[PDB]
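The file query_5.pdb contains PDB, C-alpha atoms and all ligand atoms:
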ATOM      1  CA  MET A   1       0.000   0.000   0.000
ATOM      2  CA  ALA A   2       2.940   2.333   0.611
ATOM      3  CA  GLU A   3       3.735   4.419  -2.467
ATOM      4  CA  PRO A   4       7.280   4.614  -3.885
ATOM      5  CA  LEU A   5       8.766   7.946  -2.875
ATOM      6  CA  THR A   6      10.130   9.694  -5.957
ATOM      7  CA  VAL A   7       9.727  13.435  -5.355
ATOM      8  CA  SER A   8      12.253  15.329  -3.250
ATOM      9  CA  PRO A   9      10.879  18.268  -1.237
ATOM     10  CA  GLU A  10      12.278  21.700  -1.969
ATOM     11  CA  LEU A  11      15.194  22.817   0.182
ATOM     12  CA  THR A  12      13.258  25.797   1.570
ATOM     13  CA  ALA A  13       9.888  24.167   2.228
ATOM     14  CA  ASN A  14       8.100  24.186   5.601
ATOM     15  CA  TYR A  15       9.145  20.704   6.715
ATOM     16  CA  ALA A  16      10.444  19.356  10.019
ATOM     17  CA  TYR A  17      12.720  16.371   9.425
ATOM     18  CA  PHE A  18      13.073  13.283  11.620
ATOM     19  CA  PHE A  19      15.535  10.562  10.616
ATOM     20  CA  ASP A  20      16.136   7.126  12.013
ATOM     21  CA  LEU A  21      19.785   6.080  12.019
ATOM     22  CA  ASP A  22      20.419   2.344  11.657
ATOM     23  CA  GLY A  23      18.937   1.058   8.425
ATOM     24  CA  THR A  24      17.949   4.560   7.299
ATOM     25  CA  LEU A  25      20.902   6.964   7.236
ATOM     26  CA  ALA A  26      23.542   4.220   7.589
ATOM     27  CA  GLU A  27      23.762   0.799   5.986
ATOM     28  CA  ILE A  28      23.100  -2.258   8.139
ATOM     29  CA  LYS A  29      26.269  -3.891   9.488
ATOM     30  CA  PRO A  30      26.946  -7.265  11.143
ATOM     31  CA  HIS A  31      28.093  -5.349  14.253
ATOM     32  CA  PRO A  32      26.803  -1.951  15.452
ATOM     33  CA  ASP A  33      30.330  -0.567  15.952
ATOM     34  CA  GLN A  34      31.054  -0.971  12.233
ATOM     35  CA  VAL A  35      28.105   1.291  11.355
ATOM     36  CA  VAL A  36      29.094   4.596   9.751
ATOM     37  CA  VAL A  37      27.226   7.559   8.294
ATOM     38  CA  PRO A  38      29.382   8.894   5.425
ATOM     39  CA  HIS A  39      30.629  12.426   5.985
ATOM     40  CA  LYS A  40      28.949  13.479   2.729
ATOM     41  CA  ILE A  41      25.562  12.457   4.153
ATOM     42  CA  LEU A  42      26.179  14.263   7.447
ATOM     43  CA  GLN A  43      26.917  17.445   5.489
ATOM     44  CA  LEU A  44      23.670  17.045   3.539
ATOM     45  CA  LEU A  45      21.735  16.627   6.793
ATOM     46  CA  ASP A  46      23.432  19.687   8.306
ATOM     47  CA  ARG A  47      22.699  21.767   5.204
ATOM     48  CA  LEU A  48      19.108  20.504   5.152
ATOM     49  CA  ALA A  49      18.677  21.469   8.811
ATOM     50  CA  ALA A  50      20.235  24.879   8.168
ATOM     51  CA  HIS A  51      17.694  25.749   5.467
ATOM     52  CA  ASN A  52      14.814  24.601   7.705
ATOM     53  CA  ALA A  53      15.461  26.700  10.829
ATOM     54  CA  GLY A  54      17.292  23.792  12.451
ATOM     55  CA  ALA A  55      14.173  21.573  12.387
ATOM     56  CA  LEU A  56      15.993  18.277  11.898
ATOM     57  CA  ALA A  57      16.375  15.538  14.513
ATOM     58  CA  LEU A  58      17.756  12.005  14.746
ATOM     59  CA  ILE A  59      15.242   9.553  16.250
ATOM     60  CA  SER A  60      17.046   6.333  17.138
ATOM     61  CA  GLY A  61      17.063   3.379  19.486
ATOM     62  CA  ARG A  62      20.770   3.975  20.094
ATOM     63  CA  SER A  63      21.962   5.884  23.130
ATOM     64  CA  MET A  64      22.410   9.640  22.806
ATOM     65  CA  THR A  65      26.204   9.392  23.118
ATOM     66  CA  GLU A  66      26.432   6.812  20.318
ATOM     67  CA  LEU A  67      24.454   9.142  18.048
ATOM     68  CA  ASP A  68      26.865  12.003  18.765
ATOM     69  CA  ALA A  69      29.769   9.718  17.824
ATOM     70  CA  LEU A  70      28.072   8.686  14.575
ATOM     71  CA  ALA A  71      27.135  12.283  13.696
ATOM     72  CA  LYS A  72      30.510  13.827  14.604
ATOM     73  CA  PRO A  73      31.352  16.638  14.164
ATOM     74  CA  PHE A  74      27.703  17.685  13.877
ATOM     75  CA  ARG A  75      25.375  17.974  16.883
ATOM     76  CA  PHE A  76      21.676  17.603  15.995
ATOM     77  CA  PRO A  77      18.579  17.462  18.169
ATOM     78  CA  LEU A  78      18.269  13.833  19.195
ATOM     79  CA  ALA A  79      15.944  11.171  20.484
ATOM     80  CA  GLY A  80      17.825   8.191  21.869
ATOM     81  CA  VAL A  81      16.657   4.878  23.353
ATOM     82  CA  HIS A  82      13.387   5.173  21.384
ATOM     83  CA  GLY A  83      12.630   8.472  23.153
ATOM     84  CA  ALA A  84      13.801   7.665  26.690
ATOM     85  CA  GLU A  85      16.655  10.115  25.980
ATOM     86  CA  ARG A  86      16.096  13.401  24.160
ATOM     87  CA  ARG A  87      18.048  16.577  23.385
ATOM     88  CA  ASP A  88      16.080  19.608  22.193
ATOM     89  CA  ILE A  89      17.253  22.523  20.033
ATOM     90  CA  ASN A  90      18.533  24.269  23.193
ATOM     91  CA  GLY A  91      20.904  21.362  23.883
ATOM     92  CA  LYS A  92      18.761  20.522  26.917
ATOM     93  CA  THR A  93      18.597  16.781  27.586
ATOM     94  CA  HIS A  94      15.639  14.862  29.038
ATOM     95  CA  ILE A  95      16.167  11.391  30.517
ATOM     96  CA  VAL A  96      13.528   8.873  31.530
ATOM     97  CA  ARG A  97      14.579   7.425  34.887
ATOM     98  CA  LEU A  98      13.807   3.912  36.132
ATOM     99  CA  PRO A  99      13.938   2.841  39.787
ATOM    100  CA  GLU A 100      17.489   1.795  40.598
ATOM    101  CA  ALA A 101      16.264  -1.534  41.990
ATOM    102  CA  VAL A 102      14.485  -2.329  38.711
ATOM    103  CA  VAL A 103      17.607  -1.712  36.622
ATOM    104  CA  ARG A 104      19.746  -3.827  38.962
ATOM    105  CA  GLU A 105      17.307  -6.736  39.310
ATOM    106  CA  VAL A 106      16.521  -6.931  35.585
ATOM    107  CA  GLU A 107      20.159  -6.754  34.460
ATOM    108  CA  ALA A 108      21.121  -9.494  36.920
ATOM    109  CA  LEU A 109      18.202 -11.559  35.607
ATOM    110  CA  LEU A 110      19.072 -11.121  31.924
ATOM    111  CA  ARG A 111      22.803 -11.731  32.446
ATOM    112  CA  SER A 112      22.265 -15.108  34.145
ATOM    113  CA  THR A 113      20.283 -16.406  31.148
ATOM    114  CA  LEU A 114      23.036 -15.670  28.610
ATOM    115  CA  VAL A 115      24.978 -18.843  29.448
ATOM    116  CA  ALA A 116      22.067 -20.770  27.891
ATOM    117  CA  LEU A 117      21.769 -18.346  24.934
ATOM    118  CA  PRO A 118      25.303 -18.245  23.489
ATOM    119  CA  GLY A 119      25.839 -15.658  20.785
ATOM    120  CA  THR A 120      23.324 -13.259  22.324
ATOM    121  CA  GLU A 121      24.618  -9.893  23.548
ATOM    122  CA  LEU A 122      23.000  -7.900  26.359
ATOM    123  CA  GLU A 123      23.391  -4.140  25.885
ATOM    124  CA  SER A 124      22.653  -2.083  29.003
ATOM    125  CA  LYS A 125      21.458   1.444  28.224
ATOM    126  CA  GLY A 126      20.805   2.867  31.704
ATOM    127  CA  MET A 127      17.014   2.867  31.385
ATOM    128  CA  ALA A 128      16.672   0.077  28.802
ATOM    129  CA  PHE A 129      18.080  -3.314  27.824
ATOM    130  CA  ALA A 130      18.740  -4.581  24.298
ATOM    131  CA  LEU A 131      19.188  -8.285  23.510
ATOM    132  CA  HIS A 132      21.136  -8.634  20.256
ATOM    133  CA  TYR A 133      20.979 -12.029  18.553
ATOM    134  CA  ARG A 134      22.176 -11.444  14.980
ATOM    135  CA  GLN A 135      24.932 -14.053  15.426
ATOM    136  CA  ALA A 136      22.374 -16.616  16.682
ATOM    137  CA  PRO A 137      18.908 -16.192  15.139
ATOM    138  CA  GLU A 138      17.746 -19.405  16.843
ATOM    139  CA  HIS A 139      17.525 -17.621  20.223
ATOM    140  CA  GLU A 140      14.900 -15.135  18.996
ATOM    141  CA  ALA A 141      11.837 -16.994  20.297
ATOM    142  CA  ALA A 142      13.482 -17.510  23.694
ATOM    143  CA  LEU A 143      14.567 -13.874  24.016
ATOM    144  CA  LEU A 144      11.034 -12.742  23.152
ATOM    145  CA  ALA A 145       9.435 -14.969  25.789
ATOM    146  CA  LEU A 146      12.091 -13.924  28.323
ATOM    147  CA  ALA A 147      11.704 -10.182  27.734
ATOM    148  CA  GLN A 148       7.915 -10.528  27.631
ATOM    149  CA  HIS A 149       8.066 -12.123  31.072
ATOM    150  CA  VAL A 150      10.390  -9.365  32.305
ATOM    151  CA  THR A 151       7.746  -6.787  31.370
ATOM    152  CA  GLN A 152       5.078  -8.729  33.293
ATOM    153  CA  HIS A 153       7.055  -8.913  36.549
ATOM    154  CA  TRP A 154       8.319  -5.309  36.181
ATOM    155  CA  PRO A 155       5.307  -3.377  34.811
ATOM    156  CA  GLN A 156       7.463  -0.232  34.500
ATOM    157  CA  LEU A 157       8.993  -1.874  31.404
ATOM    158  CA  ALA A 158       7.680  -2.417  27.880
ATOM    159  CA  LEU A 159       8.663  -4.645  24.966
ATOM    160  CA  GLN A 160      10.231  -3.272  21.772
ATOM    161  CA  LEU A 161      10.902  -5.834  19.060
ATOM    162  CA  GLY A 162      13.326  -5.026  16.276
ATOM    163  CA  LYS A 163      15.634  -6.330  13.578
ATOM    164  CA  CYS A 164      17.804  -8.989  15.277
ATOM    165  CA  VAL A 165      17.135  -7.258  18.627
ATOM    166  CA  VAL A 166      14.658  -7.705  21.464
ATOM    167  CA  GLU A 167      14.602  -4.515  23.522
ATOM    168  CA  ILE A 168      13.203  -3.773  26.986
ATOM    169  CA  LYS A 169      12.343  -0.091  27.430
ATOM    170  CA  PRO A 170      10.498   2.151  29.895
ATOM    171  CA  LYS A 171       6.742   1.861  29.541
ATOM    172  CA  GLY A 172       5.301   4.791  27.615
ATOM    173  CA  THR A 173       8.500   5.342  25.604
ATOM    174  CA  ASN A 174       8.242   5.198  21.818
ATOM    175  CA  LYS A 175       9.342   7.162  18.779
ATOM    176  CA  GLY A 176       5.836   8.560  18.321
ATOM    177  CA  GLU A 177       5.957  10.406  21.637
ATOM    178  CA  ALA A 178       9.547  11.406  20.854
ATOM    179  CA  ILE A 179       8.366  13.032  17.623
ATOM    180  CA  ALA A 180       5.435  14.554  19.535
ATOM    181  CA  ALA A 181       7.759  16.169  22.081
ATOM    182  CA  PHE A 182       9.698  17.794  19.243
ATOM    183  CA  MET A 183       6.620  18.951  17.313
ATOM    184  CA  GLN A 184       5.474  21.221  20.174
ATOM    185  CA  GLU A 185       8.902  22.915  20.499
ATOM    186  CA  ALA A 186      10.003  26.132  18.746
ATOM    187  CA  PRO A 187      11.900  25.055  15.602
ATOM    188  CA  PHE A 188       9.754  22.034  14.718
ATOM    189  CA  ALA A 189       6.397  23.526  15.754
ATOM    190  CA  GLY A 190       4.482  24.977  12.827
ATOM    191  CA  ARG A 191       6.213  22.760  10.253
ATOM    192  CA  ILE A 192       5.047  19.586   8.509
ATOM    193  CA  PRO A 193       6.723  16.486  10.009
ATOM    194  CA  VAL A 194       8.705  14.131   7.783
ATOM    195  CA  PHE A 195       9.870  10.873   9.358
ATOM    196  CA  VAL A 196      12.073   8.256   7.670
ATOM    197  CA  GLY A 197      12.595   4.895   9.378
ATOM    198  CA  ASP A 198      12.927   1.179   8.744
ATOM    199  CA  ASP A 199      12.038  -0.944  11.815
ATOM    200  CA  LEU A 200       9.086  -1.738  14.083
ATOM    201  CA  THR A 201      10.039   1.041  16.510
ATOM    202  CA  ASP A 202       9.607   3.502  13.631
ATOM    203  CA  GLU A 203       6.004   2.417  13.030
ATOM    204  CA  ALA A 204       4.952   4.385  16.124
ATOM    205  CA  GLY A 205       6.484   7.473  14.537
ATOM    206  CA  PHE A 206       4.791   6.701  11.218
ATOM    207  CA  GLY A 207       1.443   6.664  13.018
ATOM    208  CA  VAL A 208       1.746  10.104  14.607
ATOM    209  CA  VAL A 209       3.240  11.597  11.433
ATOM    210  CA  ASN A 210       0.340  10.254   9.350
ATOM    211  CA  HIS A 211      -2.219  11.620  11.812
ATOM    212  CA  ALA A 212      -0.421  14.996  11.657
ATOM    213  CA  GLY A 213      -0.742  15.185   7.872
ATOM    214  CA  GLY A 214       3.008  14.694   7.470
ATOM    215  CA  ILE A 215       5.164  12.458   5.298
ATOM    216  CA  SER A 216       6.082   8.992   6.592
ATOM    217  CA  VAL A 217       8.726   7.040   4.662
ATOM    218  CA  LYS A 218       9.493   3.354   5.177
ATOM    219  CA  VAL A 219      12.975   2.143   4.206
ATOM    220  CA  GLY A 220      13.401  -1.390   2.919
ATOM    221  CA  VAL A 221      11.052  -4.335   2.720
ATOM    222  CA  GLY A 222       8.200  -5.326   5.016
ATOM    223  CA  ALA A 223       4.652  -4.310   5.873
ATOM    224  CA  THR A 224       4.430  -0.701   6.982
ATOM    225  CA  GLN A 225       2.056   2.018   8.117
ATOM    226  CA  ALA A 226       4.106   4.620   6.231
ATOM    227  CA  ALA A 227       2.486   6.275   3.234
ATOM    228  CA  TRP A 228       5.759   6.243   1.271
ATOM    229  CA  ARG A 229       8.640   3.842   0.777
ATOM    230  CA  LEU A 230      12.306   3.969  -0.170
ATOM    231  CA  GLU A 231      13.961   0.744  -1.239
ATOM    232  CA  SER A 232      17.349   0.991   0.491
ATOM    233  CA  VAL A 233      19.708   3.192   2.488
ATOM    234  CA  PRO A 234      21.469   4.477  -0.686
ATOM    235  CA  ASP A 235      18.012   5.555  -1.863
ATOM    236  CA  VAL A 236      17.722   7.646   1.307
ATOM    237  CA  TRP A 237      21.094   9.201   0.414
ATOM    238  CA  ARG A 238      19.975   9.970  -3.150
ATOM    239  CA  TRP A 239      16.686  11.410  -1.900
ATOM    240  CA  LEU A 240      18.698  13.493   0.574
ATOM    241  CA  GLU A 241      21.031  14.686  -2.191
ATOM    242  CA  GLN A 242      18.141  15.705  -4.459
ATOM    243  CA  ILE A 243      16.590  17.875  -1.740
ATOM    244  CA  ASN A 244      19.904  19.698  -1.312
ATOM    245  CA  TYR A 245      20.795  19.934  -5.022
ATOM    246  CA  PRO A 246      17.931  19.459  -7.529
TER     247      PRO A 246
HETATM  248  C1  LIG A 301      25.948  -9.566   8.003
HETATM  249  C2  LIG A 301      24.583  -9.393   7.341
HETATM  250  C3  LIG A 301      23.895  -8.148   7.887
HETATM  251  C4  LIG A 301      22.751  -8.552   8.816
HETATM  252  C5  LIG A 301      22.757  -7.586   9.998
HETATM  253  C6  LIG A 301      21.405  -7.535  10.707
HETATM  254  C7  LIG A 301      21.563  -6.696  11.979
HETATM  255  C8  LIG A 301      20.498  -5.601  12.035
HETATM  256  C9  LIG A 301      20.662  -4.756  13.304
HETATM  257  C10 LIG A 301      21.107  -5.337  14.484
HETATM  258  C11 LIG A 301      21.258  -4.567  15.628
HETATM  259  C12 LIG A 301      20.966  -3.209  15.618
HETATM  260  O1  LIG A 301      21.117  -2.473  16.813
HETATM  261  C13 LIG A 301      21.730  -1.217  16.684
HETATM  262  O2  LIG A 301      20.807  -0.288  16.183
HETATM  263  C14 LIG A 301      19.622  -0.351  16.935
HETATM  264  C15 LIG A 301      18.499   0.429  16.246
HETATM  265  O3  LIG A 301      18.872   1.774  16.091
HETATM  266  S1  LIG A 301      17.867   2.661  15.112
HETATM  267  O4  LIG A 301      17.577   1.810  13.723
HETATM  268  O5  LIG A 301      18.571   4.106  14.722
HETATM  269  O6  LIG A 301      16.415   2.922  15.871
HETATM  270  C16 LIG A 301      19.880   0.207  18.334
HETATM  271  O7  LIG A 301      18.696   0.172  19.083
HETATM  272  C17 LIG A 301      20.971  -0.632  19.000
HETATM  273  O8  LIG A 301      21.352  -0.045  20.215
HETATM  274  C18 LIG A 301      22.180  -0.706  18.064
HETATM  275  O9  LIG A 301      23.160  -1.530  18.635
HETATM  276  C19 LIG A 301      20.515  -2.633  14.434
HETATM  277  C20 LIG A 301      20.360  -3.402  13.286
HETATM  278 MG    MG A 302      15.315   1.810  13.201
END
Since I need it in another form, could you write the structure as structure tokens?
Amino acid sequence: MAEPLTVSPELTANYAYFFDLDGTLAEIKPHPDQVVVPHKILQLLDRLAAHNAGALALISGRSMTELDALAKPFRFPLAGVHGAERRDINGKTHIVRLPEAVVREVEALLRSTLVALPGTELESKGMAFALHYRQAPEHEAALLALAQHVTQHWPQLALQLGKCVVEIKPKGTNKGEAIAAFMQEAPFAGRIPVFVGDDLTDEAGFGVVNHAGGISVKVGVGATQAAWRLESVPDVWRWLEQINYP
């Protein structure tokens, strides 16, 4: 149902841009630390933001600090950990905080199960936990049942499924509310939201962008709620280049 995106918006239109990172602005890698956004693409994003009053943000499941490393030397408004971390246009950061006992008890729980799930990696994010299983796809059903049971015993936590990852996040955190928080703040407010993403976490953003009369763009294959689709990360780059230089 999603329509192939072919038109590039004009550089000085009234758009507010929201970009996912992994699988959208950067190609998918076997390991997250090999992921890179080419410096040419970062310059296009920075020029696009500059012509749109700074209304451009990165909306990612990665931690805020990892986004700053990937976007170096540029510093954009950010949503990290699916919205549990956020940095507005004023550089002000907002952090969702979990009870210290919850973080300690859950991490100890998840770590003890890894001996029976070899190849899985537990990434601790301060207020969230990510279970990476790209090196062992067989563990996916177990990690889902395990994380689902974590969210039942600790109702402060919610489930976030993703590409080769099962993520445990604070309840009420999602990229839709992250985009919402931005859309009521000075630079983004009064513009039309454009959100480009590729994973299940991005579907929540697609929903609020569609309801807002904005432009939602799915990257890659799979069922989507987005109205528009790009076929691959290099197609995002080419779309980005055509906005900057028609
Ligand atoms: C060798 C053949 C290639 C197959 C590789 C398949 C692996 C896909 C994949 C695996 C793990 C990913 O996790 C990373 O990115 C997440 C999403 O970030 S996001 O897309 O900007 O929302 C973050 O949440 C995580 O912290 C970060 O470690 C992201 C993508
Ligand atoms: Mg994503």
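Pairwise distance (atom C5 of ligand LIG 301 (chain A), CA of residue 29 in chain A) equals 5.1 Å.
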Point to revise | Polymer residues at most 9 Å from range 159-162 of chain A, all atoms listed in the file, same-chain spacing of 3 or more positions, as an MDAnalysis selection string | key: chainID A and resid 130 144 147:148 150:151 165:171 174 199:201
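Excluding residue 69 in chain A and any residue on its chain fewer than 3 positions from it, the residues at most 12 Å away by all atoms listed in the file are residues 33, 35, 36, 37, 42, 62, 63, 64, 65, 66, 72, 73, 74, 75 and 76 of chain A.
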Exercise for review: Mind checking which residues fall within 10 Å of residue 188 in chain A, counting only C-alpha atoms, ignoring those fewer than 2 positions away in the same chain, and posting them as number ranges by chain?
Suggested key: A: 14-18, 52-57, 89, 179-186, 190-193
Review point. Residues picked by the PyMOL selection byres (((chain A and resi 226) around 10) and not hetatm) here, as a PyMOL selection string?
Key: chain A and resi 1-3+195-198+202-207+209-210+215-219+223-225+227-229
